[PDB]
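These notes concern the structure reproduced below.
Numbering (the deposited numbering), first residue to last: 22 to 142.
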């Protein structure tokens, strides 16, 4: 149907905007601490601690399959990145501190993304 196409075009355009958002958030992680999944070879107990692991590569795979229907879904995954790290790692660690800085800096980006998603529809 033509309606299904229109909906698909909207999803494609959201995907375009979320790609730009993802790029901007990942620049706030210049140490690449959150770039890839935590290695279960190197942290074999991780899944005993963290039930829903997340990282920027995993988000990018979902994004490119147009797997985010709305901004809320995308933000859920970004918050997992931050929140997983702040639980597994202690306050005094470069990991925790990296997450805090990512959260604070990403807030700005996400605030305007929300306005754009609402604005363009």
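Ideal Cβ positions, reconstructed from N, Cα and C, are used throughout, including at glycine.
Asked	Found
Pull up the distance between the alpha-carbon of residue 131 and that of residue 23, whole angstroms please.	32 Å
Which whole-angstrom value describes the C-beta separation of residue 134 and residue 92, a residue pair presumed to lie in contact below a C-beta threshold of 8 Å?	6 Å
Along the chain, where does the alpha helix (DSSP H) containing residue 105 start, and where does it finish?	92-109
Can you find a CB in chain D that lies within less than 7 Å of the CB of residue 31?	Structure shown: chain D not included; a single protein chain is present.
Could you pull the start and end residues of the alpha helix (DSSP H) that residue 140 belongs to?	115-141
What is the C-beta distance between residue 75 and residue 105, in whole angstroms, given that I count them as a contact (C-beta under 8 Å)?	6 Å
Measuring straight from C-alpha to C-alpha, what distance separates residue 34 and residue 88?	13 Å
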